[PDB]
């Protein structure tokens, strides 16, 4: 069995260079051809190229013929994907896939590397409460949540009661705003009789900005 592990998430400004990594381990490394697949957010899978690491024979897709460079270091069983000058159009998640030969299916896949190319700079999130009310109550159920707005880059982890409250929570996917920053909302479903007894706090953590906010929500 063979395993592929990729490098970490990358956030870069346009025009910079980038080199993501993909290292393999297990048995049969000598037979495996290493490919590279681009998947833009909300779209399908695009094949970019392939390489046989032992002699570095590279095949390029005509779409990605001159835009990227695919290399390999057989000594460390690592394949590389390079950019000379990044563009915002390159913002996608890149997988490296392994196949035991050319013209063979890709059976081994890496976890994927998220690449964000943007003019924006690291900005901490602003957390605002979504207080419950009669407009948020349907009988015995009351809806509350938090609004995480104007942060960059992804990701933002949101927890409720320090991870204790996990049923009924809905953390909506981030939306890239026209200002270049991300916004996110997380909501919870709780009994309407616990409003005055239970205290509900949302935990927002943004490691790129090193921001930790514990926002408590309560009826207004």
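Positions refer to the first chain, counted from 1.
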> Looking at the entry, does 65-73 or 33-41 show the higher mean C-alpha B-factor?
Replying inline: 65-73
> Hey, which bit's got the bigger mean C-alpha B factor in the entry, 179-187 or 24-32?
Replying inline: 24-32
> If you check the C-alpha B-factor for each of 104, 91, 126, 133 in the entry, which is highest?
Replying inline: 133
>> Highest recorded C-alpha temperature factor, please, choosing from 171, 56, 161, 193.
In response: 193
> If you rank every modelled residue in this chain by C-alpha B factor, which third holds residue 113: lowest, middle or highest?
Replying inline: lowest
> Within this chain, which third does the Cα B-factor at residue 97 fall in: lowest, middle or highest?
Replying inline: lowest
>> Ranking every modelled residue in this chain by its Cα temperature factor as given in the entry, which third contains residue 208?
In response: lowest
> If you rank every modelled residue in this chain by C-alpha B factor, which third holds residue 142: lowest, middle or highest?
Replying inline: highest
> When the modelled residues of the chain are sorted by Cα temperature factor, does residue 121 land in the lowest, middle or highest third?
Replying inline: highest
